[PDB]
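Reproduced below: data_15.cif, with mmCIF, C-alpha atoms.
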```
data_work
loop_
_atom_site.label_atom_id
_atom_site.label_comp_id
_atom_site.auth_asym_id
_atom_site.auth_seq_id
_atom_site.Cartn_x
_atom_site.Cartn_y
_atom_site.Cartn_z
CA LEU A 1 -0.17 -3.47 35.63
CA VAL A 2 -1.38 0.12 35.65
CA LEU A 3 2.13 1.51 36.12
CA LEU A 4 3.54 -0.99 33.61
CA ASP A 5 1.48 0.20 30.65
CA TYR A 6 2.29 3.79 31.61
CA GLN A 7 5.88 2.85 30.77
CA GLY A 8 4.57 1.07 27.67
CA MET A 9 5.66 -2.32 29.00
CA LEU A 10 2.35 -3.96 28.02
CA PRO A 11 2.43 -4.39 24.21
CA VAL A 12 -1.32 -4.65 23.68
CA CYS A 13 -2.12 -4.51 19.99
CA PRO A 14 -4.25 -1.57 18.83
CA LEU A 15 -7.33 -2.59 16.90
CA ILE A 16 -7.41 -1.92 13.16
CA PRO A 17 -10.80 -0.24 12.54
CA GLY A 18 -11.17 -1.59 9.01
CA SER A 19 -13.64 1.22 8.30
CA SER A 20 -11.95 4.38 9.65
CA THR A 21 -8.59 5.86 8.73
CA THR A 22 -5.72 4.96 11.07
CA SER A 23 -1.90 4.98 11.15
CA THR A 24 -1.56 1.51 9.63
CA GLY A 25 0.95 0.51 6.98
CA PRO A 26 3.40 -2.18 5.92
CA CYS A 27 6.14 -3.88 7.95
CA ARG A 28 8.88 -1.53 6.72
CA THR A 29 7.13 1.65 7.90
CA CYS A 30 6.69 0.29 11.44
CA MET A 31 10.29 1.24 12.25
CA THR A 32 9.67 4.84 11.17
CA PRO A 33 6.47 -6.48 19.51
CA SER A 34 7.34 -3.45 17.38
CA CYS A 35 3.94 -3.47 15.65
CA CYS A 36 0.93 -5.72 15.14
CA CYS A 37 0.05 -6.93 11.65
CA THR A 38 -2.92 -8.52 9.90
CA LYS A 39 -3.26 -10.18 6.49
CA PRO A 40 -6.77 -9.38 5.24
CA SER A 41 -8.22 -11.70 2.63
CA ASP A 42 -8.18 -8.73 0.21
CA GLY A 43 -5.04 -6.84 1.16
CA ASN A 44 -1.37 -6.91 2.08
CA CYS A 45 0.16 -7.15 5.56
CA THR A 46 -1.42 -4.14 7.27
CA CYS A 47 0.71 -3.23 10.29
CA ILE A 48 -0.20 -0.76 13.04
CA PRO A 49 2.34 0.08 15.78
CA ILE A 50 1.62 -0.47 19.44
CA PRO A 51 1.34 2.81 21.40
CA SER A 52 4.50 3.91 23.18
CA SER A 53 2.49 4.48 26.37
CA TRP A 54 -0.89 3.44 27.80
CA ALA A 55 -1.17 0.70 25.18
CA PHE A 56 -3.52 -1.37 27.33
CA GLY A 57 -5.60 1.65 28.33
CA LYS A 58 -5.86 2.86 24.74
CA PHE A 59 -6.86 -0.64 23.62
CA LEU A 60 -9.60 -0.84 26.25
CA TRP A 61 -11.12 2.35 24.81
CA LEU B 1 -10.91 -8.77 32.33
CA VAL B 2 -9.75 -12.35 32.75
CA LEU B 3 -12.93 -13.64 31.11
CA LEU B 4 -12.17 -11.07 28.42
CA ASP B 5 -8.72 -12.72 28.41
CA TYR B 6 -9.58 -16.43 28.35
CA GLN B 7 -11.66 -15.67 25.25
CA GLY B 8 -8.51 -14.15 23.74
CA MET B 9 -10.16 -10.82 22.96
CA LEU B 10 -7.18 -8.67 24.01
CA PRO B 11 -4.05 -9.11 21.87
CA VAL B 12 -0.69 -8.83 23.66
CA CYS B 13 2.55 -9.36 21.77
CA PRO B 14 4.67 -12.15 23.31
CA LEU B 15 7.91 -10.82 24.77
CA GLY B 16 6.67 -14.69 8.68
CA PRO B 17 3.23 -15.15 7.10
CA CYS B 18 0.89 -12.51 8.48
CA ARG B 19 -2.33 -13.82 10.06
CA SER B 20 -12.42 -3.23 14.25
CA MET B 21 -10.21 -6.22 13.41
CA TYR B 22 -7.93 -7.91 15.92
CA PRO B 23 -4.31 -8.11 14.70
CA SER B 24 -3.14 -11.72 14.60
CA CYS B 25 0.65 -11.33 14.61
CA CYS B 26 3.40 -9.16 16.09
CA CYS B 27 6.47 -8.44 13.98
CA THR B 28 9.93 -7.01 14.60
CA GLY B 29 15.35 -8.98 6.00
CA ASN B 30 11.84 -10.39 5.72
CA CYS B 31 8.86 -9.54 7.94
CA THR B 32 9.05 -12.13 10.73
CA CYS B 33 5.88 -12.22 12.83
CA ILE B 34 5.14 -14.25 15.96
CA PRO B 35 1.45 -15.21 16.22
CA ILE B 36 -0.61 -14.03 19.18
CA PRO B 37 -1.94 -16.91 21.33
CA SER B 38 -5.58 -17.75 20.72
CA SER B 39 -6.52 -17.64 24.42
CA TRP B 40 -4.92 -16.04 27.48
CA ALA B 41 -2.56 -13.83 25.49
CA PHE B 42 -2.09 -11.42 28.40
CA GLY B 43 -1.63 -14.25 30.88
CA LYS B 44 1.03 -15.97 28.79
CA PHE B 45 2.78 -12.64 28.16
CA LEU B 46 2.90 -11.93 31.90
CA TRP B 47 4.09 -15.48 32.60
CA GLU B 48 6.98 -15.08 30.15
CA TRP B 49 7.72 -11.49 31.20
CA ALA B 50 8.53 -12.60 34.75
CA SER B 51 10.40 -15.70 33.54
CA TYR C 1 11.73 13.19 -4.32
CA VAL C 2 13.30 11.90 -7.53
CA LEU C 3 13.33 8.10 -7.89
CA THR C 4 16.01 7.38 -10.48
CA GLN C 5 15.54 4.12 -12.38
CA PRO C 6 17.44 2.85 -15.46
CA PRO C 7 15.64 3.59 -18.73
CA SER C 8 16.07 0.06 -20.10
CA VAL C 9 17.40 -3.39 -19.24
CA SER C 10 18.12 -6.12 -21.81
CA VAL C 11 18.59 -9.80 -20.92
CA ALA C 12 18.42 -13.22 -22.55
CA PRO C 13 15.94 -16.08 -21.99
CA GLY C 14 17.36 -17.97 -19.00
CA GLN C 15 19.56 -15.22 -17.55
CA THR C 16 18.51 -12.83 -14.78
CA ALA C 17 17.52 -9.16 -14.74
CA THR C 18 18.13 -6.57 -12.02
CA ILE C 19 16.14 -3.33 -12.16
CA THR C 20 17.66 -1.00 -9.56
CA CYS C 21 15.65 2.10 -8.63
CA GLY C 22 17.37 4.46 -6.23
CA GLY C 23 16.37 7.37 -4.01
CA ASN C 24 18.17 9.47 -1.44
CA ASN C 25 16.72 7.50 1.50
CA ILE C 26 15.15 4.52 -0.24
CA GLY C 27 16.16 2.23 2.63
CA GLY C 28 13.64 3.87 4.95
CA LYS C 29 10.72 3.59 2.53
CA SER C 30 8.39 0.81 1.41
CA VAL C 31 9.39 0.14 -2.19
CA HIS C 32 6.66 -1.49 -4.28
CA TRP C 33 7.43 -2.93 -7.71
CA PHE C 34 4.76 -3.05 -10.42
CA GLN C 35 4.88 -4.81 -13.79
CA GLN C 36 3.06 -3.32 -16.79
CA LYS C 37 3.08 -5.12 -20.11
CA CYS C 38 2.24 -3.24 -23.29
CA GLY C 39 -1.41 -2.20 -23.37
CA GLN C 40 -2.20 -3.65 -19.93
CA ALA C 41 -2.77 -2.42 -16.41
CA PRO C 42 0.24 -2.54 -14.07
CA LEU C 43 0.51 -5.62 -11.88
CA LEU C 44 1.88 -5.52 -8.34
CA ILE C 45 4.79 -7.95 -8.19
CA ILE C 46 6.70 -6.80 -5.07
CA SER C 47 5.39 -5.19 -1.86
CA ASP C 48 7.13 -4.09 1.35
CA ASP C 49 10.34 -4.31 -0.74
CA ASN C 50 10.22 -8.12 -0.65
CA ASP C 51 6.69 -9.48 -0.09
CA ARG C 52 5.80 -11.31 -3.30
CA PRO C 53 2.00 -11.44 -3.83
CA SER C 54 -0.05 -14.51 -4.68
CA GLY C 55 0.41 -15.87 -8.19
CA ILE C 56 3.56 -13.87 -8.94
CA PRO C 57 6.32 -16.31 -9.97
CA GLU C 58 8.78 -17.05 -7.18
CA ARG C 59 11.63 -16.07 -9.51
CA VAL C 60 10.76 -12.44 -8.68
CA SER C 61 12.54 -11.08 -5.60
CA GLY C 62 12.79 -7.48 -4.46
CA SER C 63 15.38 -5.83 -2.25
CA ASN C 64 15.93 -2.54 -0.46
CA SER C 65 19.01 -1.17 1.32
CA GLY C 66 20.72 2.19 1.61
CA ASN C 67 20.32 4.42 -1.43
CA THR C 68 19.07 1.78 -3.87
CA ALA C 69 16.35 -0.87 -4.09
CA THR C 70 16.55 -3.63 -6.69
CA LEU C 71 14.11 -6.05 -8.30
CA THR C 72 15.66 -9.32 -9.49
CA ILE C 73 13.90 -11.61 -11.96
CA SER C 74 15.75 -14.92 -12.26
CA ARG C 75 15.51 -17.13 -15.35
CA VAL C 76 13.49 -14.61 -17.33
CA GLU C 77 11.01 -15.94 -19.87
CA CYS C 78 10.20 -14.11 -23.08
CA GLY C 79 6.90 -13.23 -21.38
CA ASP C 80 8.63 -11.03 -18.80
CA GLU C 81 8.98 -8.11 -21.23
CA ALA C 82 7.25 -5.18 -19.53
CA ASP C 83 7.90 -1.90 -17.75
CA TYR C 84 8.79 -2.28 -14.07
CA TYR C 85 7.96 0.69 -11.86
CA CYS C 86 9.22 1.59 -8.41
CA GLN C 87 6.74 3.21 -6.05
CA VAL C 88 7.31 4.80 -2.64
CA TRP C 89 5.23 7.06 -0.40
CA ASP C 90 7.42 10.08 0.31
CA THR C 91 6.29 10.99 3.82
CA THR C 92 8.26 14.26 3.90
CA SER C 93 5.87 15.78 1.34
CA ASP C 94 3.16 13.07 1.58
CA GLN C 95 3.20 12.11 -2.09
CA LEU C 96 3.47 8.80 -3.89
CA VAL C 97 6.40 8.67 -6.32
CA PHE C 98 6.92 6.28 -9.23
CA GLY C 99 10.17 5.52 -10.98
CA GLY C 100 10.97 6.18 -14.60
CA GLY C 101 10.20 2.59 -15.57
CA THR C 102 12.68 0.04 -16.92
CA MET C 103 11.67 -1.58 -20.21
CA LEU C 104 12.87 -5.15 -19.81
CA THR C 105 13.98 -6.85 -23.03
CA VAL C 106 14.31 -10.64 -23.08
CA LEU C 107 15.53 -11.14 -26.69
CA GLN D 1 -11.91 -11.51 -7.46
CA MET D 2 -10.85 -7.96 -6.62
CA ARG D 3 -11.54 -5.79 -9.65
CA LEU D 4 -11.83 -2.04 -10.27
CA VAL D 5 -13.61 -0.48 -13.26
CA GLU D 6 -13.01 3.13 -14.27
CA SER D 7 -15.59 5.20 -16.11
CA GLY D 8 -16.13 8.75 -17.29
CA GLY D 9 -13.21 9.08 -19.69
CA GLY D 10 -13.25 10.41 -23.22
CA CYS D 11 -12.45 13.40 -25.41
CA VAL D 12 -12.92 16.77 -23.70
CA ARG D 13 -12.21 20.31 -24.79
CA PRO D 14 -9.05 21.96 -23.42
CA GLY D 15 -10.33 23.42 -20.17
CA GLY D 16 -13.20 20.96 -19.68
CA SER D 17 -13.97 18.75 -16.72
CA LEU D 18 -14.35 15.05 -15.94
CA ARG D 19 -15.22 12.87 -12.96
CA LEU D 20 -13.70 9.41 -13.31
CA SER D 21 -15.86 7.02 -11.34
CA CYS D 22 -14.13 3.87 -10.06
CA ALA D 23 -16.43 0.98 -9.17
CA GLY D 24 -14.60 -1.55 -7.00
CA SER D 25 -15.79 -5.09 -6.40
CA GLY D 26 -14.55 -8.33 -4.90
CA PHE D 27 -13.07 -6.52 -1.89
CA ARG D 28 -14.23 -4.47 1.08
CA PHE D 29 -14.26 -1.07 -0.62
CA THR D 30 -14.84 0.63 2.74
CA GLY D 31 -11.53 -0.55 4.18
CA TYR D 32 -9.02 0.45 1.49
CA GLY D 33 -8.01 3.81 0.10
CA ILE D 34 -8.17 4.43 -3.64
CA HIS D 35 -5.24 5.84 -5.58
CA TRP D 36 -5.45 7.60 -8.92
CA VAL D 37 -2.58 7.32 -11.40
CA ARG D 38 -2.14 8.48 -14.97
CA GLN D 39 0.16 7.26 -17.72
CA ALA D 40 0.92 9.50 -20.67
CA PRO D 41 0.50 7.92 -24.12
CA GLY D 42 3.95 6.34 -24.25
CA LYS D 43 5.51 7.68 -21.02
CA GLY D 44 5.75 6.35 -17.48
CA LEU D 45 3.24 6.12 -14.66
CA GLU D 46 2.47 9.38 -12.86
CA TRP D 47 0.72 9.44 -9.50
CA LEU D 48 -2.23 11.79 -9.50
CA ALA D 49 -4.17 11.58 -6.22
CA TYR D 50 -5.11 9.37 -3.28
CA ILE D 51 -8.09 9.15 -0.92
CA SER D 52 -8.08 7.27 2.37
CA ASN D 53 -10.23 4.32 3.39
CA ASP D 54 -12.99 6.66 4.60
CA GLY D 55 -12.16 9.98 2.95
CA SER D 56 -10.52 11.83 5.82
CA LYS D 57 -7.07 12.25 4.23
CA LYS D 58 -6.83 13.14 0.54
CA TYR D 59 -3.52 13.80 -1.22
CA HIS D 60 -2.78 15.34 -4.62
CA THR D 61 0.27 15.87 -6.78
CA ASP D 62 1.64 19.38 -7.11
CA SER D 63 0.83 19.60 -10.82
CA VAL D 64 -2.85 18.80 -10.18
CA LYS D 65 -3.36 20.39 -6.75
CA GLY D 66 -6.13 22.96 -6.90
CA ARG D 67 -7.57 21.43 -10.07
CA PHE D 68 -8.14 17.73 -9.37
CA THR D 69 -10.16 16.58 -6.36
CA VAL D 70 -10.62 12.99 -5.19
CA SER D 71 -13.81 11.70 -3.55
CA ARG D 72 -15.48 8.40 -2.80
CA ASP D 73 -18.73 6.72 -1.79
CA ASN D 74 -18.24 3.48 0.14
CA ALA D 75 -21.99 2.78 0.19
CA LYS D 76 -22.03 2.69 -3.62
CA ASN D 77 -18.50 1.18 -3.73
CA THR D 78 -17.14 3.89 -6.02
CA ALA D 79 -14.35 6.47 -6.04
CA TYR D 80 -14.36 9.66 -8.09
CA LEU D 81 -11.71 12.11 -9.27
CA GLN D 82 -13.13 15.45 -10.39
CA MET D 83 -10.63 16.86 -12.90
CA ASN D 84 -11.32 20.54 -13.54
CA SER D 85 -9.50 22.89 -15.92
CA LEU D 86 -8.08 20.02 -17.96
CA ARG D 87 -5.07 21.03 -20.06
CA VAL D 88 -3.78 19.80 -23.41
CA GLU D 89 -0.94 17.72 -21.93
CA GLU D 90 -3.46 16.05 -19.59
CA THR D 91 -4.39 13.34 -22.11
CA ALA D 92 -3.36 9.98 -20.68
CA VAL D 93 -4.70 6.66 -19.41
CA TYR D 94 -6.07 7.06 -15.88
CA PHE D 95 -6.06 4.11 -13.48
CA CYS D 96 -7.69 3.78 -10.09
CA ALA D 97 -5.81 1.33 -7.88
CA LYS D 98 -6.84 0.27 -4.41
CA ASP D 99 -4.29 0.55 -1.62
CA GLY D 100 -3.09 -2.70 -0.14
CA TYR D 101 -3.50 -1.79 3.53
CA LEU D 102 -6.56 -1.49 5.74
CA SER D 103 -7.47 1.98 6.99
CA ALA D 104 -4.12 3.55 6.14
CA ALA D 105 -3.75 7.31 6.23
CA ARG D 106 -1.07 7.12 3.52
CA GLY D 107 -1.19 5.10 0.32
CA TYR D 108 2.07 3.22 0.76
CA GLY D 109 1.33 1.05 -2.28
CA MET D 110 -1.39 -0.21 -4.58
CA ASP D 111 -2.63 -3.80 -4.62
CA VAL D 112 -5.24 -4.11 -7.40
CA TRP D 113 -5.17 -1.75 -10.37
CA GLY D 114 -8.08 -0.60 -12.46
CA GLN D 115 -8.48 -1.37 -16.13
CA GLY D 116 -7.47 2.18 -17.07
CA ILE D 117 -9.73 4.62 -18.90
CA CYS D 118 -8.27 6.61 -21.78
CA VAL D 119 -8.84 10.36 -21.39
CA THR D 120 -8.14 12.52 -24.44
CA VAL D 121 -8.26 16.32 -24.45
CA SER D 122 -8.14 18.12 -27.81
CA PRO D 123 -10.22 20.59 -29.90
#
```
Would you put the structure from the file into structure tokens?
Amino acid sequence: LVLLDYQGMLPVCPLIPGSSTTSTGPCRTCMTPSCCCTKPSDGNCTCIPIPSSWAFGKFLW
Amino acid sequence: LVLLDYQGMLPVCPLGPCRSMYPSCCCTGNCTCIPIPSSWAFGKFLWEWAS
Amino acid sequence: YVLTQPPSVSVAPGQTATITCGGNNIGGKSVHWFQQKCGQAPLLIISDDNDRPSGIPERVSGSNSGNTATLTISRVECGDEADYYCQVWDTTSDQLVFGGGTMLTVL
Amino acid sequence: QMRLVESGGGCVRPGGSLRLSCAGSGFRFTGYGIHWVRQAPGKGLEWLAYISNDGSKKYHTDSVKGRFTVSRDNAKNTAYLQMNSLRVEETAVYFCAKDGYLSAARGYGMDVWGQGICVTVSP
């Protein structure tokens, strides 16, 4: 489970800060478990891609 | 980490109307998104990954 | 990043309208469609090339593929007369680009 | 509901300056980036600037780069656009529109538009 997320095999969703700029966007821009999306009560589908490696480790930090 | 898991506070995409803020769906035409399980997301993902 | 869009489209009450805005690589971009009636603020009617917001009539449907992205309004009322604007974030130069606007005419 | 109000427009001399405040309400102003668009009196929409959900990334058009400058204050729920060295062809209707995505570095597309403040520039 530590070697798995090194390969990126654990698709743990990155958290959307909601108060600090990130690499979020819409569904279409995800391409350029693919990405994790939210529908805020005052916004469109905000989608942030899972990291290609250390997704679980990056989430835990 | 499993108590952190049974509370569903780590979102793992299992492997569509959408929904720091926890993302509530994982998406791959229209935007089709599978919801993340409320509790034991990592456990269910591992159970399906080996099955 | 030029976003070509027809200067005008004329339809009849009951028919359908297709406003087709086209870029070089519009298939790899998030096309948003806005509606602006005369003397009013533009209104988002299509997002993510197809996601219709809340309250927008379901007759409105966007599309995006290849070099062109189209907005189709089916069974247009006389109240659909407006200017419809494409909008994409050109990531190569990091600039938002609007289309030329298509003045819909519903006779 | 979600509503943006622009302020600070009006007649200015050719070469003057303005700061269009943009008070947003009905939404979490801290989580969404604010665009700035202008529409000439009879022409199409023209993107003018964008500022991220906190202010880290700010983008400008090439015709206004080095003259216009976005800014914001999430505590006051406002967004500003300092427009310096305003030219004659700069008269338009300026809108501030919130981006539709939380904490996005790029303004992929607006969600709620402002009312639009009419800026005129003439002797």
Please write as an MDAnalysis selection string the full residue list that the PyMOL selection byres ((chain C) within 7 of (chain A)) yields on this file.
chainID C and resid 29:30 48
Could you write those residues out with C-alpha atoms, as an mmCIF file, in the coordinates of the input?
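The resulting file, selection31.cif, is reproduced below:
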```cif
data_model
loop_
_atom_site.group_PDB
_atom_site.id
_atom_site.type_symbol
_atom_site.label_atom_id
_atom_site.label_comp_id
_atom_site.auth_asym_id
_atom_site.auth_seq_id
_atom_site.Cartn_x
_atom_site.Cartn_y
_atom_site.Cartn_z
ATOM 1 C CA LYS C 29 10.720 3.590 2.530
ATOM 2 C CA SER C 30 8.390 0.810 1.410
ATOM 3 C CA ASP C 48 7.130 -4.090 1.350
#
```
Skip residue 17 (chain B) itself and residues of its chain fewer than 6 positions away, then list as a CSV table (one decimal) with C-alpha atoms, in the frame of the given file all residues within 12 Å of it, counting all atoms listed in the file.
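Below you can see selection_30.csv, which holds the result:
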```csv
chain,number,residue,atom,x,y,z
A,27,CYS,CA,6.1,-3.9,8.0
A,37,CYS,CA,0.0,-6.9,11.6
A,38,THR,CA,-2.9,-8.5,9.9
A,39,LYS,CA,-3.3,-10.2,6.5
A,40,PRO,CA,-6.8,-9.4,5.2
A,44,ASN,CA,-1.4,-6.9,2.1
A,45,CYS,CA,0.2,-7.2,5.6
A,46,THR,CA,-1.4,-4.1,7.3
B,24,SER,CA,-3.1,-11.7,14.6
B,25,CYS,CA,0.6,-11.3,14.6
B,26,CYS,CA,3.4,-9.2,16.1
B,27,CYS,CA,6.5,-8.4,14.0
B,30,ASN,CA,11.8,-10.4,5.7
B,31,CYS,CA,8.9,-9.5,7.9
B,32,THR,CA,9.0,-12.1,10.7
B,33,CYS,CA,5.9,-12.2,12.8
B,34,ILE,CA,5.1,-14.2,16.0
B,35,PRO,CA,1.4,-15.2,16.2
C,51,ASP,CA,6.7,-9.5,-0.1
C,52,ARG,CA,5.8,-11.3,-3.3
C,53,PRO,CA,2.0,-11.4,-3.8
```
Chain B contacts on chain C, only C-alpha atoms, 10 Å, as number ranges by chain:
C: 48-51, 63-65
Quick check, in Å to one decimal: how far apart do CA of residue 37 (chain C) and CA of residue 100 (chain C) lie?
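So the answer is 14.8 Å.
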Please identify all polymer residues within 12 Å of residue 88 (chain D), counting only C-alpha atoms, omitting same-chain residues fewer than 5 positions from it, and present them as a tab-separated table (two decimals) with C-alpha atoms, keeping the file's coordinate frame.
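Listing of result-v8.tsv after writing:
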```tsv
chain	number	residue	atom	x	y	z
D	11	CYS	CA	-12.45	13.40	-25.41
D	12	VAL	CA	-12.92	16.77	-23.70
D	13	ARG	CA	-12.21	20.31	-24.79
D	14	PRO	CA	-9.05	21.96	-23.42
D	15	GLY	CA	-10.33	23.42	-20.17
D	16	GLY	CA	-13.20	20.96	-19.68
D	40	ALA	CA	0.92	9.50	-20.67
D	119	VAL	CA	-8.84	10.36	-21.39
D	120	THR	CA	-8.14	12.52	-24.44
D	121	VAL	CA	-8.26	16.32	-24.45
D	122	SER	CA	-8.14	18.12	-27.81
D	123	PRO	CA	-10.22	20.59	-29.90
```
Would you give me, as a Markdown table, each residue of chain C having an atom within 7 Å of an atom of chain D, along with its shortest atom pair and that distance in Å to one decimal, using all atoms listed in the file and sorting by chain and residue number?
```
| residue | atom | partner | partner_atom | distance |
| --- | --- | --- | --- | --- |
| C:30 | CA | D:108 | CA | 6.8 |
| C:32 | CA | D:109 | CA | 6.2 |
| C:41 | CA | D:115 | CA | 5.8 |
| C:42 | CA | D:113 | CA | 6.6 |
| C:44 | CA | D:111 | CA | 6.1 |
| C:87 | CA | D:109 | CA | 6.9 |
| C:88 | CA | D:108 | CA | 6.4 |
| C:89 | CA | D:108 | CA | 5.1 |
| C:95 | CA | D:61 | CA | 6.7 |
| C:96 | CA | D:47 | CA | 6.3 |
| C:97 | CA | D:47 | CA | 6.6 |
| C:98 | CA | D:46 | CA | 6.5 |
| C:100 | CA | D:44 | CA | 6.0 |
| C:101 | CA | D:44 | CA | 6.1 |
```
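Put simply, CA of residue 45 (chain B) is 24.9 Å away from CA of residue 23 (chain A).
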Show me, as a ChimeraX atom specification, the residues of chain D whose atoms get within 10 Å of chain A, using all atoms listed in the file for the distance check.
/D:1-2,26-33,52-57,74,98-112
Written as a PyMOL selection string, what is the full residue list that the PyMOL selection byres ((chain D and resi 5) around 7) yields on the file shown?
chain D and resi 3-4+6-7+22-24+114-115
Translate the PyMOL selection byres ((chain C and resi 25) around 9) into a concrete residue list for this structure, as number ranges by chain.
C: 22-24, 26-29, 65-68
Rounded to one decimal place, report the CA of residue 20 (chain D)-CA of residue 77 (chain D) distance in Å.
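Atom-to-atom, CA of residue 20 (chain D) to CA of residue 77 (chain D), that is 13.5 Å.
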Could you tell me which residues of chain B sit within 6 Å of chain A when counting all atoms listed in the file, and give me the result as a PyMOL selection string?
chain B and resi 11-13+18-28
